[PDB]
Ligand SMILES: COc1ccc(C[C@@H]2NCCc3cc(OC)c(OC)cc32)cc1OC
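As a starting point, one isolated chain is supplied in structure tokens, in the form deposited without the ligand.
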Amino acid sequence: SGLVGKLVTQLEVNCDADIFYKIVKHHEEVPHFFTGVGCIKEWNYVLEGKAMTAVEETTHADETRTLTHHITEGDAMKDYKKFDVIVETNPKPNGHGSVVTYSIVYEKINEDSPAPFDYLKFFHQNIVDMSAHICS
């Protein structure tokens, strides 16, 4: 037991859901502007001060405001047999502002593998960083 799991961080953001989805989507594809007009790509990042690399297949779905990253190889694969990251944006139930959900769906390589709390804080911080460019 304990090899298959999911970590989620969900944040409320005072921004329309479709607009925030467009900003997240554009930020990941490139950014001079905040908005822009399958796909395998390199993913280079710094995780708690350590530079890392990955290859990921990405998809997006505009109607559900969902970005998906399926990591196929790289530093994350040292601990995981499977590592998928999903970002979803949805309106708050009232309609003023939105809820942003980052999910990491993972399968550990073995029992001594960590669960990806370090990646969760990393993606959480991405939401915070982008939210900071939005005025209240």
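Just count from 1 along the sequence shown to find any residue number. The term rigid core refers to the maximal set of C-alpha atoms that superpose within 1.5 Å between the two forms.
Among other compared entries that model residues flanking residue 94, a third or more give it no coordinates.
Of the other structures of this protein that model both sides of residue 28, a third or more give it no coordinates. Gap between residue 30 and residue 31: 4 to 9 deposited residues without coordinates. Higher average CA B factor: 47-55, of the stretches 47-55 and 82-90. Legend: mean Cα B-factor per stretch from the PDB entry, 116-124 versus 21-29; the higher mean is in 21-29.
The PDB entry assigns its highest CA temperature factor, among 100, 67, 76, 105, to 76. Remark: residue 132 belongs to the highest third of its chain, ranked by C-alpha B-factor as recorded. When all modelled residues of the chain are sorted by CA temperature factor, residue 8 is found within the lowest third.
Note that the form deposited with the ligand bound isn't included here; everything after this is about it.
Remark: blocked binding site. Placing the ligand in the bound PDB entry onto this structure by local C-alpha superposition gives 3 or more atoms within 2.4 Å of a backbone or C-beta atom. Annotation: in the bound PDB entry, residues 31, 47 and 119 each come within 4.5 Å of the ligand through at least one heavy atom. Of the residues 54, 109, 99, 105, just one reaches the ligand in the bound PDB entry with a heavy atom at 4.5 Å or closer; this is 54. The ligand in the bound PDB entry comes within 4.5 Å of no heavy atom belonging to residue 92.
When contacts are judged by a 4.5 Å heavy atom cut-off, residue 26 does not count as touching the ligand in the bound PDB entry. Within 4.5 Å of some heavy atom of the ligand in the bound PDB entry lies at least one heavy atom of residue 123. Of the heavy atoms in residue 69, some are within 4.5 Å of the ligand in the bound PDB entry.
Interface residues of 70-98, taken as those with a heavy atom within 4.5 Å of the ligand in the bound PDB entry (partner not displayed): 71, 76, 83, 85, in sequence order. Following superposition on the rigid core between the shown form and the other one, the residue from 44, 110, 59, 64 with a C-alpha displacement of 2 angstroms or more is 44, and no other.
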